[PDB]
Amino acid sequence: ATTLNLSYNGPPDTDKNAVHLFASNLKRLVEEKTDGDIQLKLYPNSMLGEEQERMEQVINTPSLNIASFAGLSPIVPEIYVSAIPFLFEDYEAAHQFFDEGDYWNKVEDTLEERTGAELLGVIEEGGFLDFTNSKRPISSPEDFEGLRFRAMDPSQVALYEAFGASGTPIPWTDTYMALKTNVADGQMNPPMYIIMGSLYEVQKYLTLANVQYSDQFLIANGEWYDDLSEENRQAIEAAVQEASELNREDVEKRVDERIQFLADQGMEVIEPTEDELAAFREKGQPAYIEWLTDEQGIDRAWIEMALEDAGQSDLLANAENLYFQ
């Protein structure tokens, strides 16, 4: 049998870490479906390295890695298109987007062309993203003015600047401390990570913006994957699909529980009004799309495919028009 390392973030606690839930289910399913020929050894807590280093590991050694935007975006910045604010109207749309969409199919091939690595699946490990901060209630974009937010990656920085704040990239493993010591005022993440990182200890205000879909990415070493027998490759694919489905089911049924847990720990929870959500969208969405095409140089095809796959084919044209004089 062949044993592969599987690295991911957060503690080996199923209740508190949806990525651990996925990793554990994947280990069980891979070992079963390959009749024990492939075994996974779990390395939680980002113990083998932070995001850049774990990408290097999976690209160059027979292993698996669960990466965030921090790991993947320097190599495939085209993933930024999937984080257009308010791209997905519901969970179903995101599922269809990643499972069958032409854009994501190309993202997968692009990662393989550039590094050899295989993007095997998209792990839902939280609900839609919310904001937290320690300074003041945030109910609308205007309330960001002057604040400094921690960013996972440059796309978060772009969003914060669109709202009047500033942003700084800080690794996940240093985010609690950054917030504790006021290096940053706030961050963004689904309830799952806000709980997992105990961010409620160092953040008072939770804003239910539901601005982006929460995901991480299962990556496999290319040489290993391509040398599998077809039988084992098909087994791995089925195991990934099943574990992915299990995570979607579990995350979605726990979102409201997790938000109420944050309230029960003392966080002040703000539910933006319709107008406030419209303001987040109008301030955030066209500015983000402009950032994609200008600073990030992403061509129209990449964006159009994604919009089609999500069911909002007109957002690019509408953003261009909003700004046309």
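Don't overthink the numbering: it's just position in the shown sequence, from 1.
As listed in the deposited structure, the average C-alpha B-factor of 223-231 and of 109-117 is greater for 223-231. Once the C-alpha B-factors are averaged per stretch, 302-310 and 15-23 rank with 302-310 first. Per the PDB entry, 34 shows the highest C-alpha temperature factor of the residues 34, 60, 52, 68. Ranking 255, 183, 209, 151 by the C-alpha B-factor listed in the PDB entry places 183 at the top. Sorting the modelled residues of the chain by their CA temperature factor places residue 7 in the lowest third. Ranked against the other modelled residues of its chain, the C-alpha B-factor of residue 127 as given in the entry falls in the middle third. When the CA B factors of the chain's modelled residues are split into thirds, the value for residue 90 lands in the middle one. Ranked by Cα temperature factor within the chain, residue 97 sits in the lowest third according to the deposited record. For residue 56, the recorded CA B-factor ranks within the lowest third of the chain. Only modelled residues enter the ranking.
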